[PDB]
Structures are given as structure tokens and as C-alpha cells.
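Presented as C-alpha cells, the chain that follows is alone, the form deposited in one PDB entry.
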């Protein structure tokens, strides 16, 4: 049973979306973001994915947790969304639906796609993993 291949790790360079669809890719990208003090981005993104599959009754609580942990001004982990996206997200928190964090999530996905994802693909973490598998 193969658990990882050079081919798979090559595929992660195709799009951030392929990297994030692989649990190990998430974990390795995560580790690089953590070394770079930007892991709030992927953690937020994964929390949003987990919010979207949450049962209706627990959305108010989950939304409040995600908001305090990441979005709120006084977050340990404060994500870099713009002021207007933050203000509108804050308003959605008080009566949340499954799409509450879609706007903020999109911003953060883009921030990763355009900044830290390319850098990761040029990191030792990524390039060592890739080459030493071959």
C-alpha cells in the first residue's frame, strides 16, 4: 500500500485546490505556513469547511467560535481580510447560515493562492519531499 508518491506531490503544484484536496498536502503546507507565521490562513480555511458541514442547531456556536478565534479584532489568529468583509462577516454572525464565511474564506483562499502557495512550492519542505521520493 502506497501512502504518498512523487506524482501526487507534483500535482500539488498544479493548483492550491489540488494541494488542499490531499490531507498530507494540507499537513505539509500547514507546516510551512506555521514556520512562516501565517498558519491562521489555512486553519481558518479548514474551519470554514468544517462549519459548512455542521448541523443547523450548532451554527450559531461554531460561527461565534470561528469569529473569535480568527476574524474578530482581538483574535490571537487574526486573518488578513479587509475591513468591509470583516464588518459584513460580523453582521452574519448574529444569525448565521451555512454561507456565513464564504466571503472571508474566498479572500483568504486568494491570499494563499497568490502569496504563500507559490512560496511553498519553492521551499525546501516541498522540493526535498518531492525529490527524495524519486
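Numbering follows the first chain given and starts at 1.
If you look for the form deposited with a partner chain bound, you will not find it shown, but the lines that follow are about it.
Taken together, 38, 41 and 119 are fully in contact with its partner chain in the deposited complex: each brings a heavy atom within 4.5 Å.
Interface membership of residue 55, defined by any non-hydrogen atom within 4.5 Å of its partner chain in the deposited complex, is ruled out. When contacts are judged by a 4.5 Å heavy atom cut-off, residue 79 counts as touching its partner chain in the deposited complex. Its partner chain in the deposited complex comes within 4.5 Å of a heavy atom belonging to residue 73. Residue 10 falls outside the set of residues with a heavy atom inside 4.5 Å of its partner chain in the deposited complex.
Here the chain stands by itself, but in the deposited complex one stretch of 97-105, 81-89, 60-68, 43-51, 81-89, has heavy atoms within 4.5 Å of its partner chain.
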